[PDB]
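>
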Amino acid sequence: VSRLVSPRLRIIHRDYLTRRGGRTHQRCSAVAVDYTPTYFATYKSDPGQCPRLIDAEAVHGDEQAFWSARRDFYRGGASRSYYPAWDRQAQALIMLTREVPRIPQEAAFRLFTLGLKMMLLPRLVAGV
Amino acid sequence: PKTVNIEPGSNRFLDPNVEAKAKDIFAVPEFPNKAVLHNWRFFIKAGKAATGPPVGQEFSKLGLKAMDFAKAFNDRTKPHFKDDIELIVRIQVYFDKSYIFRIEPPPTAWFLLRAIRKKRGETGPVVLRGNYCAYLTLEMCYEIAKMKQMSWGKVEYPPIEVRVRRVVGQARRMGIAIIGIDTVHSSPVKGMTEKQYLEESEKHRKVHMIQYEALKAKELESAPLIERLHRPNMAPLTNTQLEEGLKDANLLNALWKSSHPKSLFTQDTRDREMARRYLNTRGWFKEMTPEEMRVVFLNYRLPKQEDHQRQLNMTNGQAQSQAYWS
Amino acid sequence: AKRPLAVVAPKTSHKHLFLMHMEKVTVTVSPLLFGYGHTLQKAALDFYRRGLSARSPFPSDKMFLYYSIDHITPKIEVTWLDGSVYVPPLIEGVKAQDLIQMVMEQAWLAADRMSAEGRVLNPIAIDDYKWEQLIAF
Amino acid sequence: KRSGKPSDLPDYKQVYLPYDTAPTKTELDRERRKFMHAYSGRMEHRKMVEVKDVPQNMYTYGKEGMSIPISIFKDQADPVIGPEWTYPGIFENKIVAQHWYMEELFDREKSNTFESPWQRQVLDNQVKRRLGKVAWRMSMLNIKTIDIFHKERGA
Amino acid sequence: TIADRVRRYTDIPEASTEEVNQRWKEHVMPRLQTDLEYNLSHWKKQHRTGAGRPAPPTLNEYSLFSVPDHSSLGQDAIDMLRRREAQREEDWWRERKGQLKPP
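Residue numbers (the authors' numbering), protein chains in the order written: chain D, 14 to 141; chain E, 14 to 339; chain Ae, 157 to 293; chain Av, 19 to 173; chain Ab, 159 to 261.
Written as C-alpha cells, this is what we have:
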C-alpha cells in the first residue's frame, strides 16, 4: 500500500548532522512528500505544463506586488510590516478554489448520460 | 450675496480641472523593485533647475551629468505652474544609478507663509518668540490641505478633515493662531446671533458625521481583507489581567473566542462556551453575559456604521446565512 | 569532472540571495496545506518575500512562485547554469536566513562543480566573502 | 532655512463679500478689539498672550468669499472660500484640533466624557508618538550609551 | 517538561489550525469542485488571454480563516498596558503636585 496513494507523490527522507548549540552535532530530519522524478519532466518547463502546479502569475498578476505587499492604511502607518503568511495564502487559496464555470455544453453529454438508463432499457427491448 | 454651493461639506477636494493636472506631475513612477542607494530631496523652483551645487553636485559626486535631469525636470515642470512655486523633488537613485523622481507640491510651510503674507524670520513659535504671528482661520487651512495629499495617486485618503488637523498643528507650531480655536470667540459674522450661529453649527457639525463616517466606512469596505478582521479592544482588561494575560496566551485566546461578534463560523455554543469555562477558572470576566462584551470588546477602529453591522444580535439572524459559498 | 572537486570552502554568512551563479529559483508550495505559526509553509514563503525584497540584489523577475495542489511540502528549487537542480532540505524550524544561507553557501560548491566540468564562469559582482575589504574607522 | 520659503507674497484679493449688511465702522474695532489676544498652552498653564499683525476687519477676514494666496498652478487663481458648513468637519475640528496636554485628556477618557468622538483619536496619535520617542530612545541605546543632559548646555 | 515548554510554541497554533481543518472539511469541502486540474488549466488559459478572472476574496469567504491572532493580540495588550504607564505620569505629576497643597 502506497502511503500517499497518489502514486506521483513520493516521500523522501533526509536526516542530517548539523551543528546545533554551536558545537554539537545533532540529528535533524528533513522529511517531505514531493513529486516522483517521473513528474519532474513536464515541470522543468517554465509554463508549468505539468498540471497540479500553477504559475502563481495565473491566480493573480505580479506577486512581486502580492506577496511583497505590506499593510498600508491608518492601521498600518510606517510600521508597515509585511502581511502574515497565514492569510497571504488564504487570499490565494480562496482564489484557487473559486467557482470555475461548468458550462452546459459538457452538461449536454452528461445529460445525454442522464437519460442513459431510461432510454437504453427499451433499445434492447424494442430490438428483438 | 452668492454662495457658490450650499451643501453640508461638499467642498472636500479640488476642482476637477485643477485636480486633473494635479496628479499629471505628482505621480510616482512605480518602484522598479531595485535597491535604492540615495533618496535625495530638494527644493527647486517652477522650472529654474540648474546644473549647480544644489542639484548637479550630488550627481557629480556620483559622476552623473545632471545637466540632463534638469531638462527632464523642465520637460514636466516648466508649464502648468504659476511663477516661483518652489516644488520638492524626491530623487531616488538605484544601484544601477538610474534615478526616478516624484515632483511634489510645495512644502506646507511654504504654503503657510504665503497664506499669511510673512517672510522668513517673521514667524515663530510663541515660546521662542513671545507672540502669536499672523492669524488664520480653519477655512483657510482646508485649502492648504487640498494641495497637500500624501498619496498623489489616491488624493482622497487620508481624508481632508483628518489631515487638516495636521496642517493646523504645523501652523500652531509656527505661531499661526487660527481664529476658530485658540481664541475666546470664533469669527464674528454679521449674519445672526452667536446662538443663531451656534444653533446652525450643532446641526452642521453632526450632519458631517454621517458624511464623515460613510466616507470612513466606504473606505473600510475597500481595505485589505485583514483590516476588517476582528481585533478585540483592550480597554476593559485591567493591568493585572492585562499582564497575567500576557504570560499565558491561553487567556488571550479564550478571550478572543469569548468576545467575537457572531459569524457563521462562531455560532458554536460549545466553542464559545469552552472559552467561557476557561475564564471563570481564571476569575476573569464573570458578570458580563456575551452581549455586553461584544459592545465593549469590539474593534474600536471600526466606523460607527459598521461598528454596529457586526454587533450581536444585528449579525445573528443573517449570521448563518452568509458562508463560504463553495 | 575534469579534476577532483574542491576541498576547502569559504565560510561566511550571506545576508541576501544574490544571483551568484543560479539561473532560476523556483519556490513551490501547495496552499491547500495550511498552518498558523512558524511552519515550513511560512519559512518558504518569506524566502519568496525575502528574495523578492527590494534589498536583496536578486533579480526579481527570475524567481518563480508555484502554487501546487497535491499536498506538496514547500519545495525550494534552484537551477544552476549547468541545469543541475538543488533542493535545500527544509528541516523543521528552518526560516529565511537559513535558506538564503543554504542556497548561497551551496552556491559556491555548485559553481565549483560547474567550474570543474569545464563550464566557463562569469564575473560575480557581490563579494559575500569580504576579501578586498578592510575594517576602517 | 532660507530655501523653501515664499519670495513673492500675494495679497488677499477679496472676491465677493459674505454679507449684504455692511459691518459699520463702529463695531469693526469693537470685535477686532477682542481678537488682539489669543490663548496659548492648555492647562493651569493657560497663557493669554498677544498676537502681532492683527487683521483689521474679521467680518470679511475669512468666513466666506475671500481669496487665499496659495496660488500654485497656471489656471488656478487664489481660491475662493466657500461657507463654513461647506468644508468637512470644520465645526467638528473646532472641538478636536488644539494643543492637548495629556493631563487634560486622560481625565476625559477615564471619565469617558469626550466633547468630541475624535478626541479618542487625537489621544492615541498622541500617545503613539510618545511611545515612539521611547522605542527610538532605546533602539539607539542598543548602539552606545546616550546620557541625557550630560553635555554642557547653554553658553 | 520538554513537551510542555515547547507546547508554549505550537499547541496554540495547532489548537487553531486544527479548528480550520474542522471548518474546511465541514462547510467548504461539500461544495468544492473536485476537478481542479481542469480548473487550474482554465486560469492558465485566462492568463494567456491576459484579461482573465483573478477574483478577490470577500469578508464572508475569508472569515473562515479568522483566528485568534497574537500578532495583534499580544501587541496591543502591551500598548494598552503601556498607555496605562503613560497614563500614570500625568496622574502622578498631578498627585505629587497635589502633595504641596495644605491639609
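Yeah, the Cβ is synthetic: ideal placement off N, Cα and C, and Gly gets one too.
Is the shortest distance between the beta-carbon of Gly193 of chain Ae and the beta-carbons of chain Ab less than 8 Å?
So, interface residue.
> For a contact meaning CB atoms closer than 7 Å, what does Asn197 of chain Ab contact in chain D?
Correct list: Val113.
> In chain order, which continuous runs of the alpha helix (DSSP H) of length 4 or greater are located wholly inside the region 236-284 of chain Ae?
Entirely contained in the region 236-284 of chain Ae, the alpha helix (DSSP H) runs reaching 4 residues are, in chain order, 252-273.
> Counting Cβ pairs, one atom from each stretch, are 3 or more of them under 8 Å apart for the region 232-248 of chain Ae and the region 56-68 of chain E?
Not touching, per the Cβ criterion.
> Against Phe79 of chain D, what residues of chain E qualify as contacts under a CB-to-CB distance less than 9 Å, listed in chain order?
Here the premise fails: no neighbours, minimum Cβ distance about 11 Å.
> Which residues in the same chain have their Cβ closer than 7 Å to the Cβ of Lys47 of chain E, if we skip the five residues on either side of it in sequence?
Here the set comprises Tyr107, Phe108 and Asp109.
> Do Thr184 of chain Ae and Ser224 of chain Ae have their beta-carbon atoms positioned less than 8 Å apart in this structure?
In this structure, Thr184 of chain Ae lies closer than 8 Å to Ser224 of chain Ae by Cβ.
> Anyone know if the C-beta pair for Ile189 of chain E and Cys146 of chain E falls short of 8 Å?
Their beta carbons are under 8 Å apart, which means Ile189 of chain E touches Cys146 of chain E by this criterion.
> Just to confirm the assignment, what range does the beta strand (DSSP E) spanning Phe114 of chain E have?
Start and end: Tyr112 to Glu117.
> Using 10 angstroms around the beta-carbon of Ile291 of chain Ae, count the other beta-carbons present and answer buried if the total reaches 16, otherwise exposed.
Exposed, since its Cβ has fewer than 16 Cβ neighbours within 10 Å.
> Within 10 angstroms of its Cβ, does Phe53 of chain D collect 16 or more other Cβ (buried), or is it exposed?
Exposed: under 16 other Cβ atoms inside 10 Å.
> Give a yes or no on whether the minimum CB-CB distance between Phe124 of chain Av and chain Ab is below 8 Å.
Yes, its Cβ sits closer than 8 Å to a Cβ of chain Ab.
> For the region 24-42 of chain Av and the region 170-183 of chain E, state whether three or more C-beta atom pairs, one from each stretch, are separated by less than 8 Å.
Taking 8 Å as the limit for Cβ pairs, the verdict is that the region 170-183 of chain E does not touch the region 24-42 of chain Av.
> Measure from the C-beta of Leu35 of chain Av to each C-beta in chain Ab and report whether the shortest distance is under 8 Å.
Judged by the 8 Å Cβ criterion, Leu35 of chain Av is not in contact with chain Ab.
> Per DSSP, what are the beta-bridge partners of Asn52 of chain E in this structure?
E:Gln105, per the DSSP bridge assignment.
> Please list the segments of the alpha helix (DSSP H) lying wholly inside the region 168-210 of chain Ae, counting only runs of 4 or more residues, in order along the chain.
Counting only runs of 4 or more, we get 196-208.
> With 16 as the cutoff for other CB atoms within 10 Å, does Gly140 of chain D come out buried or exposed?
Label assigned to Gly140 of chain D: exposed.
> What residues of chain Av sit near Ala79 of chain E, judged by a beta carbon separation below 7 Å?
Ordered by position in chain Av, no residue passes the 7 Å Cβ test against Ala79 of chain E, which lies about 17 Å from the chain.
> Would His243 of chain E pass as an interface residue toward chain Ab - the criterion being a Cβ-Cβ separation below 8 Å?
So yes, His243 of chain E belongs to the interface.
> Nearest to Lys180 of chain Ae by alpha carbon, out of D:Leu133, D:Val138, D:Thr49 and D:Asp59?
Closest option to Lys180 of chain Ae, Cα to Cα, is D:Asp59.
> Since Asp75 of chain D meets chain Ae, which of its residues come closer than 9 Å, beta carbon to beta carbon?
The contacting residues do not exist; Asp75 of chain D stays about 10 Å from chain Ae at best.
> State yes or no: is the C-beta of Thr121 of chain E within less than 8 Å of the C-beta of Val180 of chain E?
Yes, these two residues count as a Cβ contact at 8 Å.
> If you follow the alpha helix (DSSP H) that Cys154 of chain E is in, where does it begin and where does it stop?
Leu151 to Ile157 is the extent of the alpha helix (DSSP H) around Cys154 of chain E.
> Start and end of the alpha helix (DSSP H) containing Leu126 of chain E?
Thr121 to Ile129 is the span of the alpha helix (DSSP H), which, as asked, contains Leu126 of chain E.
> Run through DSSP, which three-state label would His93 of chain E get?
Coil, per DSSP.
> For the region 163-190 of chain Ab, which residues have a beta carbon sitting closer than 7 Å to at least one beta carbon of chain E?
Result list: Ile170, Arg181, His185, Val186, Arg189 and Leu190.
> Applying the 10 Å Cβ sphere with the 16-neighbour rule, what's the burial state of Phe203 of chain Ae?
Buried.
> Pick out whichever of E:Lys167, E:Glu152 and E:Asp96 has its Cα sitting closest to the Cα of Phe109 of chain Av.
When only C-alpha atoms are compared, the closest one is E:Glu152.
> Residues of chain Av with CB closer than 8 Å to the CB of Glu253 of chain Ab, please, in chain order.
Per Cβ cutoff of 8 Å: no residues; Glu253 of chain Ab is ~11 Å from chain Av at best.
> Within its chain, find whatever has a CB closer than 6 Å to the CB of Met160 of chain E; leave out the 5 residues flanking it on each side and keep chain order.
Once the five neighbours on either side are set aside, the close Cβ partners of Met160 of chain E are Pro118.
> Check the Cβ-Cβ distances between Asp249 of chain Ab and every residue of chain Av, and say whether any is below 8 Å.
It does; some Cβ of chain Av falls within 8 Å.
> Determine the closest residue to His221 of chain E out of E:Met306, E:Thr16, E:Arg25 and E:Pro14, with distance taken between C-alpha atoms.
The option with the nearest alpha carbon to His221 of chain E is E:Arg25.
> To which residues does DSSP link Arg23 of chain D through a beta bridge?
DSSP lists D:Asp47 as partners of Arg23 of chain D.
> Are there 16 or more other CB atoms within 10 angstroms of the CB of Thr78 of chain Av, so buried, or fewer, so exposed?
Buried is the call here.
> Please report whether the beta-carbon of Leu27 of chain Av lies at a distance below 8 Å from any beta-carbon of chain E.
It does: the Cβ of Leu27 of chain Av has a partner Cβ on chain E nearer than 8 Å.
> If you draw a straight line from the C-alpha of residue 340 of chain E to the C-alpha of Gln254 of chain E, how long is it?
In the structure as shown, chain E starts at 14 and stops at 339, and residue 340 of chain E therefore has no counterpart that could be examined.
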